[PDB]
Amino acid sequence: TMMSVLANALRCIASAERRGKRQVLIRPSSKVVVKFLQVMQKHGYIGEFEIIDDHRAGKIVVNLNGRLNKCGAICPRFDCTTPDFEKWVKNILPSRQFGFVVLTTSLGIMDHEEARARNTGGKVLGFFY
Amino acid sequence: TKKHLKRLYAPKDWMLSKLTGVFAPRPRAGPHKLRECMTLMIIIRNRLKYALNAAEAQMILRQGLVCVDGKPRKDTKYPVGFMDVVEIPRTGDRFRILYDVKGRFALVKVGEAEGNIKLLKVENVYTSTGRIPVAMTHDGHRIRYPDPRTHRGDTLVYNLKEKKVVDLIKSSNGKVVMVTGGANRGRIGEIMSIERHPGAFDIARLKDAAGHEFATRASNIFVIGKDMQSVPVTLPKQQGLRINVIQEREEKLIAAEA
Amino acid sequence: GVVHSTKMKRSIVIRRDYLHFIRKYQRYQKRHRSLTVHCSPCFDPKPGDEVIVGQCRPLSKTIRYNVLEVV
Amino acid sequence: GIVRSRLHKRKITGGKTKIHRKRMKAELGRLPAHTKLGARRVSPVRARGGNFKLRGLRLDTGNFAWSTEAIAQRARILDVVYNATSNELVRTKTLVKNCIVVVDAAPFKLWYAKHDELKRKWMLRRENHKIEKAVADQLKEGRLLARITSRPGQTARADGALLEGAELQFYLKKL
Amino acid sequence: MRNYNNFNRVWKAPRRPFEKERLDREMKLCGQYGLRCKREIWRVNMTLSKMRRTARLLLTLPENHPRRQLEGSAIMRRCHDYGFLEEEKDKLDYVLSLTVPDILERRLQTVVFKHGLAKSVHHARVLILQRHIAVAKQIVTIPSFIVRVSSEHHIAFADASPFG
Amino acid sequence: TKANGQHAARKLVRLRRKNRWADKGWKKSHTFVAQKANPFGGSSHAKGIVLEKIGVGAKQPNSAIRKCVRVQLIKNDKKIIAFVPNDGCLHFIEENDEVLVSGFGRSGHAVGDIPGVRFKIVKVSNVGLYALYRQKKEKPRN
RNA sequence: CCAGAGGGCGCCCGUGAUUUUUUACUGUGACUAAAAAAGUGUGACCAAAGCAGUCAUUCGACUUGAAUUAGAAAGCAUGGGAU
RNA sequence: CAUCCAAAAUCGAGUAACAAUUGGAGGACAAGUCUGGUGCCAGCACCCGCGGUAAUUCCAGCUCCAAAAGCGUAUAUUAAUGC
RNA sequence: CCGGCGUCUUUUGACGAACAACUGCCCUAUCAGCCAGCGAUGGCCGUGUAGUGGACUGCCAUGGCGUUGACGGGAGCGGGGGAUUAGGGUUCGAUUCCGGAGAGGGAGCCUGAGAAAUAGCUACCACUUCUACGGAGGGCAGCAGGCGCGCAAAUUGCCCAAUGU
């Protein structure tokens with residue numbers, strides 16, 4: 001089976017992006033997968049997306065503008081902290097300039113940049129370039 | 001039974017050095033605990049400088065020229081903790097030890113009639129034989145016949161001119177209060193609230209003047225007065241307010257340009 | 001802690017379970033303290049129930065605890 | 001010497017402790033004192049507190065108390081009827097706490113008759129008072145059953161309380 | 001026993017000492033500035049690496065962090081002193097543009113020569129060690145004494161000097 | 001591969017503890033059979049009493065004769081071979097003279113063109129043998 | 001030296017819950033020997049170092065300085081409520 | 001250690017004999033198109049390899065190189081190791 | 001007439017002593033079962049101790065621990081900390097400070113507030129020194145120093161001036 005929802009979604013996006021395809025299908029939907037997409041659509045990396053309803057589990061559909069290069073998943077959801085933002089941001093990303101790690105917090109779902117700003121660490125979620 | 005102490009294992013609030021000597025004095029047991037006290041010899045020698053050597057401190061004290069609590073002492077080693085008045089009548093000076101801001105022993109200089117005042121925190125109350133009530137203090141003093149309103153952790157104003165206890169002061173409500181130990185030493189503020197955790201340490205939250213709240217243990221509360229304009233005793237060099245690291249460094253430079 | 005067994009007269013067996021952390025692998029492990037307690041004849045909790053236990057003076061060789069309450 | 005320690009004993013896992021330390025004088029048993037009947041003999045020992053404790057040997061007298069009326073008088077210890085711990089003890093008439101015993105009973109009798117100015121005090125005390133039946137029968141004869149509620153082996157004084165109905169009825173039936 | 005005085009190394013040898021690239025850039029210094037041996041070139045390297053480590057670590061941090069604030073001003077302050085950097089510098093990237101020569105340049109040996117009080121660096125190393133130089137009024141007979149930006153304009157000569 | 005679970009820890013630990021026994025760079029440290037085997041006891045040097053001078057051949061690609069010394073060890077009563085590592089200093093070693101013995105280079109493999117010998121003779125009678133070779137000191141027979 | 005009115009906090013105890021409620025994680029705060037390390041000040045001639053000293057100018061001044069940070073788990077308090 | 005060679009009065013370098021050494025120069029690895037001696041011998045060589053009379057590696061001299069009042073050698077341990 | 005010392009007993013702060021527990025700790029399964037006659041786990045009543053307690057006697061019950069590695073074996077005084085590493089880590093800790101233990105090997109004991117003390121005592125064992133041989137002693141892992149040992153490590157010096165007791 002699949003033991004991470006995110007992993008199932010963002011291996012469709014990455015593959016599709018490397019083939020230059022301008023839409024992708026996503027088999028499941030979660031409250032979580034939504035939030036992840038939302039982020040990247042603000043910062044300009046996605047055109048739009050639709051959630052469709054089968055009344056069992058939804059099928060997300062996304063429009064890629066080709067502005068992504070990867071969307072990963074950090075699977076164990078390891079604990080990152082106020083000092084350790086530095087660590088992750090160096091090690092898994094090609095840059096500090098345009099690398100975006102996305103984290104979970106009690107507050108919501110947000111970029112590392114906004115995480116530091118509000119001074120709360122948390123468990124990591126995923127990342128994109 | 002320990003009868004030796006090494007300089008490193010001794011407090012560095014006595015401000016000994018790593019080099020020069022190997023031992024430090026272990027004082028005779030008395031009112032105050034080993035960590036919170038400062039031994040006579042340390043004071044006279046390293047601070048006041050009426051002695052340049054150990055032997056010179058014996059010369060002064062054994063003879064007697066020095067009083068604490070207004071009693072003359074022939075003791076070479078004796079504790080001096082907190083709220084103790086020491087008087088050398090030869091100089092004619094009256095020191096009152098306290099906790100200075102930044103964890104330092106303060107030596108503060110007082111008018112002569114203030115040096116008959118003293119403040120002792122109560123630890124336990126209990127009834128002893130004959131139904132005679134007793135407040136036992138943090139300096140080990142026994143106050144016979146305390147007021148019926150006395151409670152644990154309150155202060156008793158204590159006349160050293162002749163021994164008795166005038167009106168008390170409670171730890172109740174917001175009152176001007178200062179900290180003992182815990183590395184918030186000498187910092188003064190109002191009690192904002194007193195938290196309770198039964199079966200465990202009772203947190204209290206203090207708020208010093210110009211805001212900046214903080215938390216310290218109930219055990220480390222020592223009352224001063226009713227209000228900051230009703231204080232019975234003097235404050236050390238700084239008023240009980242700490243400042244940021246940046247501002248320390250800034251001011252150090254500004255004065256060094258003179 | 002829970003109830004591991006109800007065996008013995010006025011003595012129960014409690015099992016605490018917690019998590020230790022290892023830095024190198026960045027991953028937790030499960031480790032349990034199997035402990036003995038003196039259960040008051042007031043209470044008699046079933047296996048799997050959760051118990052609360054306090055700190056009392058020694059009462060046997062192994063027993064240091066006592067049962068305050070039961071859930 | 002004799003010691004009180006968990007470090008010559010098996011663990012809960014069935015394993016064995018291993019030593020690295022020679023035994024302290026802090027931990028320290030001593031041989032049991034044997035209090036019996038006969039002439040009083042008291043041999044002190046010095047203890048760790050800087051004070052003495054007294055080894056009762058052969059105490060034949062005790063300070064006994066009657067429950068409910070808040071009194072007491074001395075009387076003579078005659079016999080031991082019973083004990084929880086062993087039968088062996090009882091036969092040698094050793095005195096150790098929570099042995100049932102037998103006493104002279106004479107002063108209690110004397111007292112209870114005192115329980116013109118005097119005379120009306122009696123009538124007031126007779127009123128709103130009663131006594132168990134099994135008590136009074138024995139107290140008439142001049143023997144009684146009591147318990148020794150002080151440990152005589154470390155004080156060299158044997159004090160006891162006198163049995164009253166609830167508990168008396170139990171020890172009686174065990175005989 | 002009972003010694004509580006520290007020891008530390010101030011100099012270390014770079015890895016792979018037979019690099020012909022490194023050899024060039026060693027001799028170039030040690031001959032020019034009149035240095036005794038390579039040990040000196042390394043001594044400054046260490047202390048520079050040290051400084052550059054904390055500066056890197058500070059630079060990483062978000063704005064308005066206590067480490068950044070306090071310790072940033074200090075690093076900058078002490079490069080204003082000794083004249084390594086000027087007072088138009090503040091970034092903590094300027095600090096990372098410091099290299100080995102700018103240190104050596106402010107050693108007493110070179111400063112003496114450059115101020116016009118000797119005819120060579122070799123000659124100025126003698127002038128130091130023959131006890132005939134000063135750094136304001138204080139006789140200094142160490143060539144590795146780093147000279148303040150203020151006090152390189154008050155060098156003069158010793159008052160023990162037959163040349164002064 | 002590996003396990004990425006949160007509570008996966010103990011499986012990881014036990015895996016490493018197994019697979020380090022397939023390393024010989026683990027065994028060489030932790031195991032005391034290695035220590036025992038080494039003729040010095042794992043000490044830096046040892047002394048021995050010279051027994052006999054033994055002429056030793058050489059391997060096929062480089063034909064030479066090599067001068068070696070059969071020595072006995074005071075410490076453990078083991079015998080060993082060692083090489084004389086200077087030109088024409090076989091003289092300066094004589095029978096029943098105390099002598100020191102060292103390892104040479106790689107100490108798990110024998111040196112080229114001398115099989116079985118990892119051992120070179122540094123000092124004869126605590127005198128530096130190099131010192132005798134390139135003359136400074138003279139050998140005592142005192 | 002206010003009858004009545006609802007009261008409003010503080011304190012202690014008693015009673016009531018259809019099923020009270022916790023923990024990891026995180027932010028902040030408590031509580032925690034020195035030596036050692038990171039670090040602030042300072043021309044021990046520099047330097048490893050040290051916690052000293054420095055200034056007028058005398059029959060002392062600086063309210064002289066001797067900052068500050070980190071220091072595994074585990075335990076403590078209190079916010080947050082996504083996973 | 002420091003301060004000094006008179007304050008009236010007190011020493012002293014020119015081969016500056018007050019004279020720097022320990023390991024290297026085929027490759028790895030900074031430095032010999034050298035000269036004599038030896039000739040698969042003697043020996044060198046961590047490893048690759050040198051020596052059978054034509055030796056850039058041996059045994060000597062000169063020359064140059066690296067570090068320097070320190071420099072080689074042995075063993076263990078750490079980095080090198082994502083072996 | 002007053003002052004300064006000194007002491008009995010009682011009282012409780014301090015300086016410490018003695019117990020207990022929450023959490024953590026190298027390798028090994030070609031060490032998987034361990035524990036109860038003579039205490040293993042618990043209950044009940046006593047005994048003992050300064051005190052709690054299977055610490056111990058008597059009686060009664062049949063439990064306790066284990067692949068989340070018990071039990072056994074090997075290596076090792078523990079920690080603060082050292083070395084090395086960009087990071088993660090890797091490795092060391094006999095040794096100045098703190099804690100524990102020991103004084104040739106073992107056991108027993110007195111005195112004292114505190115000791116199972118060892119430049120205190122008693123005994124045995126392994127050594128070892130004197131004796132007109134009837135007896136009497138010795139314990140450096142305190143400082144120097146000597147012998148032995150091994151690759152390997154200082155003067156039978158001066159001083160209580162300093163730092164402490």
# chains A, B, ... in the order shown; residues from 1 in each chain; ligands from 1

call {"tool": "interface_residues", "arguments": {"of": "chain A", "to": "chain G", "cutoff": "7 Å", "atoms": "only C-alpha atoms (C1' of nucleotides)", "output": "MDAnalysis selection string"}}
result
chainID A and resid 104:108 119:122

call {"tool": "residues_around", "arguments": {"residues": "residue 140 of chain E", "least_positions_apart": "4", "cutoff": "9 Å", "atoms": "only C-alpha atoms (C1' of nucleotides)", "output": "list in words"}}
result
residues 108, 128, 129, 131, 132, 133, 134, 135, 145 and 158 of chain E; 45 and 46 of chain G

call {"tool": "atom_distance", "arguments": {"atom1": "atom CA of residue 155 of chain B", "atom2": "atom CA of residue 126 of chain B"}}
result
16.0 Å

call {"tool": "residues_around", "arguments": {"residues": "segment 38-44 of chain D", "least_positions_apart": "2", "cutoff": "8 Å", "atoms": "only C-alpha atoms (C1' of nucleotides)", "output": "mmCIF file with N, CA, C and O atoms, in the first residue's frame"}}
result
data_model
loop_
_atom_site.group_PDB
_atom_site.id
_atom_site.type_symbol
_atom_site.label_atom_id
_atom_site.label_comp_id
_atom_site.auth_asym_id
_atom_site.auth_seq_id
_atom_site.Cartn_x
_atom_site.Cartn_y
_atom_site.Cartn_z
ATOM 1 N N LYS D 36 12.049 -12.582 79.803
ATOM 2 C CA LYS D 36 11.386 -13.777 80.258
ATOM 3 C C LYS D 36 10.679 -13.348 81.507
ATOM 4 O O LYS D 36 10.112 -12.260 81.544
ATOM 5 N N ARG D 46 25.631 0.647 74.180
ATOM 6 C CA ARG D 46 25.739 1.966 73.599
ATOM 7 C C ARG D 46 25.406 1.844 72.146
ATOM 8 O O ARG D 46 25.637 0.813 71.517
ATOM 9 N N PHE D 52 22.102 5.269 75.182
ATOM 10 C CA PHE D 52 22.081 3.884 75.572
ATOM 11 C C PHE D 52 20.694 3.370 75.347
ATOM 12 O O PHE D 52 19.723 4.120 75.450
ATOM 13 N N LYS D 53 20.581 2.056 75.042
ATOM 14 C CA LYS D 53 19.310 1.381 75.026
ATOM 15 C C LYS D 53 19.512 0.137 75.826
ATOM 16 O O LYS D 53 20.610 -0.412 75.905
ATOM 17 N N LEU D 54 18.409 -0.298 76.468
ATOM 18 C CA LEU D 54 18.434 -1.151 77.624
ATOM 19 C C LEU D 54 17.868 -2.468 77.224
ATOM 20 O O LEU D 54 16.792 -2.530 76.633
ATOM 21 N N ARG D 55 18.587 -3.565 77.540
ATOM 22 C CA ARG D 55 18.171 -4.878 77.134
ATOM 23 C C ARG D 55 17.493 -5.503 78.304
ATOM 24 O O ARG D 55 18.141 -5.894 79.274
ATOM 25 N N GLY D 56 16.148 -5.637 78.208
ATOM 26 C CA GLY D 56 15.340 -6.292 79.205
ATOM 27 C C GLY D 56 15.665 -7.749 79.217
ATOM 28 O O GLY D 56 15.521 -8.426 78.201
ATOM 29 N N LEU D 57 16.143 -8.258 80.369
ATOM 30 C CA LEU D 57 16.190 -9.667 80.624
ATOM 31 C C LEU D 57 15.291 -9.874 81.798
ATOM 32 O O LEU D 57 15.401 -9.156 82.793
ATOM 33 N N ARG D 58 14.391 -10.883 81.706
ATOM 34 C CA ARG D 58 13.702 -11.468 82.832
ATOM 35 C C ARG D 58 12.885 -10.475 83.624
ATOM 36 O O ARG D 58 13.090 -10.319 84.823
ATOM 37 N N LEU D 59 11.963 -9.741 82.955
ATOM 38 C CA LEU D 59 11.085 -8.798 83.612
ATOM 39 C C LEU D 59 9.886 -9.547 84.118
ATOM 40 O O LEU D 59 9.258 -10.280 83.361
ATOM 41 N N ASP D 60 9.581 -9.424 85.431
ATOM 42 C CA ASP D 60 8.458 -10.093 86.056
ATOM 43 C C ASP D 60 7.419 -9.117 86.530
ATOM 44 O O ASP D 60 6.512 -9.499 87.266
ATOM 45 N N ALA D 156 13.712 -2.176 78.230
ATOM 46 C CA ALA D 156 13.749 -2.874 79.501
ATOM 47 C C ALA D 156 12.672 -2.389 80.434
ATOM 48 O O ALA D 156 12.913 -2.181 81.622
#

call {"tool": "closest_residue", "arguments": {"among": "G:18, G:71, G:57, G:66", "to": "residue 36 of chain G", "atoms": "only C-alpha atoms (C1' of nucleotides)"}}
result
G:71

call {"tool": "closest_atom_pairs", "arguments": {"of": "chain E", "to": "chain A", "cutoff": "12 Å", "atoms": "only C-alpha atoms", "output": "CSV"}}
result
residue,atom,partner,partner_atom,distance
E:57,CA,A:86,CA,10.4
E:58,CA,A:86,CA,11.8
E:59,CA,A:86,CA,11.5
E:60,CA,A:86,CA,7.6
E:61,CA,A:86,CA,8.3
E:62,CA,A:116,CA,8.3
E:63,CA,A:117,CA,10.3
E:64,CA,A:117,CA,11.1
E:65,CA,A:83,CA,11.2

call {"tool": "write_last_selection", "arguments": {"atoms": "N, CA, C and O atoms", "output": "PDB file, in the first residue's frame"}}
result
ATOM      1  N   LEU E  57      29.189  32.422  10.950  1.00  0.00           N
ATOM      2  CA  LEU E  57      28.153  31.821  11.762  1.00  0.00           C
ATOM      3  C   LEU E  57      27.117  32.862  12.093  1.00  0.00           C
ATOM      4  O   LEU E  57      25.921  32.578  12.117  1.00  0.00           O
ATOM      5  N   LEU E  58      27.577  34.107  12.342  1.00  0.00           N
ATOM      6  CA  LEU E  58      26.772  35.276  12.585  1.00  0.00           C
ATOM      7  C   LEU E  58      25.977  35.624  11.361  1.00  0.00           C
ATOM      8  O   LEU E  58      24.771  35.828  11.459  1.00  0.00           O
ATOM      9  N   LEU E  59      26.643  35.712  10.185  1.00  0.00           N
ATOM     10  CA  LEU E  59      26.052  36.033   8.902  1.00  0.00           C
ATOM     11  C   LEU E  59      24.856  35.170   8.537  1.00  0.00           C
ATOM     12  O   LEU E  59      23.891  35.673   7.964  1.00  0.00           O
ATOM     13  N   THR E  60      24.894  33.852   8.877  1.00  0.00           N
ATOM     14  CA  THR E  60      23.813  32.891   8.710  1.00  0.00           C
ATOM     15  C   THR E  60      22.500  33.305   9.351  1.00  0.00           C
ATOM     16  O   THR E  60      21.429  33.029   8.812  1.00  0.00           O
ATOM     17  N   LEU E  61      22.567  34.059  10.476  1.00  0.00           N
ATOM     18  CA  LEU E  61      21.461  34.236  11.389  1.00  0.00           C
ATOM     19  C   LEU E  61      20.480  35.237  10.835  1.00  0.00           C
ATOM     20  O   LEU E  61      20.906  36.166  10.149  1.00  0.00           O
ATOM     21  N   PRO E  62      19.188  35.145  11.150  1.00  0.00           N
ATOM     22  CA  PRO E  62      18.217  36.198  10.901  1.00  0.00           C
ATOM     23  C   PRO E  62      18.560  37.456  11.664  1.00  0.00           C
ATOM     24  O   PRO E  62      19.256  37.372  12.676  1.00  0.00           O
ATOM     25  N   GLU E  63      18.080  38.626  11.181  1.00  0.00           N
ATOM     26  CA  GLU E  63      18.266  39.913  11.809  1.00  0.00           C
ATOM     27  C   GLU E  63      17.588  39.959  13.160  1.00  0.00           C
ATOM     28  O   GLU E  63      16.542  39.339  13.349  1.00  0.00           O
ATOM     29  N   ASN E  64      18.202  40.692  14.124  1.00  0.00           N
ATOM     30  CA  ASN E  64      17.712  40.905  15.470  1.00  0.00           C
ATOM     31  C   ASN E  64      17.801  39.652  16.298  1.00  0.00           C
ATOM     32  O   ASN E  64      16.843  39.252  16.958  1.00  0.00           O
ATOM     33  N   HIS E  65      18.994  39.021  16.279  1.00  0.00           N
ATOM     34  CA  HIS E  65      19.306  37.836  17.036  1.00  0.00           C
ATOM     35  C   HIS E  65      20.393  38.296  17.977  1.00  0.00           C
ATOM     36  O   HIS E  65      21.164  39.159  17.565  1.00  0.00           O
TER      37      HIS E  65
END

call {"tool": "residues_around", "arguments": {"residues": "segment 67-71 of chain E", "least_positions_apart": "2", "cutoff": "12 Å", "atoms": "only C-alpha atoms (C1' of nucleotides)", "output": "ChimeraX atom specification"}}
result
/B:244-250 /E:51,54-65,73-78,90-92 /G:38-40,67-70

call {"tool": "residues_around", "arguments": {"residues": "residue 103 of chain D", "least_positions_apart": "3", "cutoff": "8 Å", "atoms": "only C-alpha atoms (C1' of nucleotides)", "output": "VMD selection string"}}
result
chain D and resid 75 to 79 143 to 146

call {"tool": "write_last_selection", "arguments": {"atoms": "N, CA and C atoms", "output": "CSV table (one decimal), in the first residue's frame"}}
result
chain,number,residue,atom,x,y,z
D,75,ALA,N,1.4,-4.1,88.2
D,75,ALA,CA,1.0,-5.4,88.8
D,75,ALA,C,2.0,-6.4,88.3
D,76,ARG,N,1.9,-7.7,88.7
D,76,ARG,CA,2.9,-8.6,88.5
D,76,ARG,C,2.6,-9.5,87.4
D,77,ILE,N,3.6,-9.9,86.5
D,77,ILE,CA,3.3,-10.7,85.3
D,77,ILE,C,3.6,-12.1,85.8
D,78,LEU,N,2.7,-13.0,85.5
D,78,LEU,CA,2.6,-14.3,86.2
D,78,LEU,C,2.9,-15.4,85.1
D,79,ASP,N,2.3,-15.3,83.9
D,79,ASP,CA,2.3,-16.3,83.0
D,79,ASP,C,2.1,-15.7,81.6
D,143,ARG,N,-7.5,-12.6,88.4
D,143,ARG,CA,-6.6,-12.9,87.3
D,143,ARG,C,-7.3,-12.2,86.1
D,144,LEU,N,-6.5,-11.9,85.1
D,144,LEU,CA,-7.0,-11.1,84.0
D,144,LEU,C,-6.1,-11.5,82.8
D,145,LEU,N,-6.5,-11.1,81.6
D,145,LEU,CA,-5.7,-11.3,80.4
D,145,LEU,C,-5.4,-9.9,79.9
D,146,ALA,N,-4.2,-9.7,79.5
D,146,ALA,CA,-3.7,-8.4,79.0
D,146,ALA,C,-2.8,-8.7,77.9

call {"tool": "residues_around", "arguments": {"residues": "residue 120 of chain I", "least_positions_apart": "4", "cutoff": "12 Å", "atoms": "only C-alpha atoms (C1' of nucleotides)", "output": "PDB file with N, CA, C and O atoms (P, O5', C5', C4', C3', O3' and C1' of nucleotides), in the first residue's frame"}}
result
ATOM      1  P     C I 109      32.393  -7.618  64.905  1.00  0.00           P
ATOM      2  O5'   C I 109      33.347  -6.892  65.939  1.00  0.00           O
ATOM      3  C5'   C I 109      33.512  -7.448  67.247  1.00  0.00           C
ATOM      4  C4'   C I 109      34.585  -6.676  68.023  1.00  0.00           C
ATOM      5  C3'   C I 109      34.332  -5.195  68.273  1.00  0.00           C
ATOM      6  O3'   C I 109      33.389  -5.064  69.345  1.00  0.00           O
ATOM      7  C1'   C I 109      36.584  -5.512  67.618  1.00  0.00           C
ATOM      8  P     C I 110      32.717  -3.662  69.642  1.00  0.00           P
ATOM      9  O5'   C I 110      33.813  -2.860  70.437  1.00  0.00           O
ATOM     10  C5'   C I 110      34.300  -3.224  71.728  1.00  0.00           C
ATOM     11  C4'   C I 110      35.504  -2.337  72.096  1.00  0.00           C
ATOM     12  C3'   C I 110      35.214  -0.836  72.201  1.00  0.00           C
ATOM     13  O3'   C I 110      34.691  -0.548  73.506  1.00  0.00           O
ATOM     14  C1'   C I 110      37.132  -1.149  70.857  1.00  0.00           C
ATOM     15  P     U I 111      33.559   0.548  73.681  1.00  0.00           P
ATOM     16  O5'   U I 111      34.315   1.893  73.357  1.00  0.00           O
ATOM     17  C5'   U I 111      35.318   2.394  74.248  1.00  0.00           C
ATOM     18  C4'   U I 111      36.029   3.585  73.599  1.00  0.00           C
ATOM     19  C3'   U I 111      35.145   4.710  73.069  1.00  0.00           C
ATOM     20  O3'   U I 111      34.805   5.587  74.150  1.00  0.00           O
ATOM     21  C1'   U I 111      36.730   4.120  71.423  1.00  0.00           C
ATOM     22  P     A I 115      30.427   5.350  62.327  1.00  0.00           P
ATOM     23  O5'   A I 115      31.983   5.438  62.054  1.00  0.00           O
ATOM     24  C5'   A I 115      32.444   5.792  60.740  1.00  0.00           C
ATOM     25  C4'   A I 115      33.709   5.015  60.362  1.00  0.00           C
ATOM     26  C3'   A I 115      33.654   3.479  60.528  1.00  0.00           C
ATOM     27  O3'   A I 115      34.329   2.822  59.451  1.00  0.00           O
ATOM     28  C1'   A I 115      35.453   4.327  61.763  1.00  0.00           C
TER      29        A I 115
END

call {"tool": "interface_residues", "arguments": {"of": "chain E", "to": "chain I", "cutoff": "12 Å", "atoms": "only C-alpha atoms (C1' of nucleotides)", "output": "list in words"}}
result
residues 1, 2, 3, 4, 5 and 53 of chain E

call {"tool": "select_by_dssp", "arguments": {"residues": "chain F", "states": "alpha helix (DSSP H)", "output": "VMD selection string"}}
result
chain F and resid 9 to 19 24 to 30 33 to 37 129 to 133

call {"tool": "write_last_selection", "arguments": {"atoms": "C-alpha atoms", "output": "short mmCIF file (atom, residue, chain, number, x, y, z; two decimals), in the first residue's frame"}}
result
data_model
loop_
_atom_site.label_atom_id
_atom_site.label_comp_id
_atom_site.auth_asym_id
_atom_site.auth_seq_id
_atom_site.Cartn_x
_atom_site.Cartn_y
_atom_site.Cartn_z
CA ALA F 9 15.81 2.38 16.05
CA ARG F 10 16.59 -1.00 17.60
CA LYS F 11 16.73 -2.83 14.26
CA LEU F 12 19.28 -0.29 12.95
CA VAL F 13 21.47 -0.63 16.08
CA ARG F 14 21.50 -4.46 16.01
CA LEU F 15 22.24 -4.39 12.23
CA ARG F 16 25.41 -2.31 12.72
CA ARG F 17 26.57 -4.46 15.67
CA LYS F 18 26.35 -7.52 13.36
CA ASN F 19 28.02 -6.03 10.29
CA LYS F 24 38.66 -6.47 10.04
CA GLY F 25 39.26 -2.83 11.04
CA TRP F 26 36.91 -3.40 13.98
CA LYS F 27 38.32 -6.77 15.10
CA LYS F 28 41.90 -5.40 15.07
CA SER F 29 40.86 -2.88 17.75
CA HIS F 30 38.31 -4.57 20.00
CA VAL F 33 43.42 -12.20 20.37
CA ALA F 34 45.12 -9.64 18.09
CA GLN F 35 46.91 -8.13 21.12
CA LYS F 36 48.03 -11.58 22.35
CA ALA F 37 49.28 -12.54 18.86
CA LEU F 129 72.72 1.46 15.36
CA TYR F 130 72.47 4.34 12.87
CA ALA F 131 75.05 6.15 15.09
CA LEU F 132 77.51 3.26 14.62
CA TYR F 133 76.82 3.06 10.83
#

call {"tool": "residues_around", "arguments": {"residues": "residue 127 of chain I", "least_positions_apart": "5", "cutoff": "12 Å", "atoms": "only C-alpha atoms (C1' of nucleotides)", "output": "MDAnalysis selection string"}}
result
chainID I and resid 104:105 138:139

call {"tool": "write_last_selection", "arguments": {"atoms": "C-alpha atoms (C1' of nucleotides)", "output": "PDB file, in the first residue's frame"}}
result
ATOM      1  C1'   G I 104      50.090  -7.265  51.949  1.00  0.00           C
ATOM      2  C1'   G I 105      45.699 -10.883  51.587  1.00  0.00           C
ATOM      3  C1'   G I 138      57.427  -5.041  61.072  1.00  0.00           C
ATOM      4  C1'   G I 139      52.936  -3.267  56.651  1.00  0.00           C
TER       5        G I 139
END

call {"tool": "atom_distance", "arguments": {"atom1": "atom CA of residue 258 of chain B", "atom2": "atom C1' of residue 62 of chain G"}}
result
10.1 Å

call {"tool": "decode", "arguments": {"residues": "segment 44-48 of chain A", "atoms": "N, CA, C and O atoms", "output": "short mmCIF file (atom, residue, chain, number, x, y, z; two decimals), in the first residue's frame"}}
result
data_model
loop_
_atom_site.label_atom_id
_atom_site.label_comp_id
_atom_site.auth_asym_id
_atom_site.auth_seq_id
_atom_site.Cartn_x
_atom_site.Cartn_y
_atom_site.Cartn_z
N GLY A 44 3.88 31.46 -7.01
CA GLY A 44 3.95 31.37 -8.45
C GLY A 44 4.77 30.17 -8.81
O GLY A 44 5.99 30.28 -8.97
N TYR A 45 4.11 29.00 -8.91
CA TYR A 45 4.74 27.78 -9.37
C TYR A 45 3.65 26.89 -9.91
O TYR A 45 3.95 25.82 -10.44
N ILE A 46 2.37 27.30 -9.79
CA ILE A 46 1.25 26.50 -10.22
C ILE A 46 0.25 27.52 -10.68
O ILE A 46 0.10 28.58 -10.07
N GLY A 47 -0.45 27.21 -11.80
CA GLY A 47 -1.51 28.02 -12.36
C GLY A 47 -2.76 28.00 -11.54
O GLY A 47 -3.23 29.04 -11.08
N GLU A 48 -3.34 26.79 -11.36
CA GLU A 48 -4.61 26.57 -10.71
C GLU A 48 -4.59 25.12 -10.29
O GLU A 48 -3.66 24.38 -10.61
#
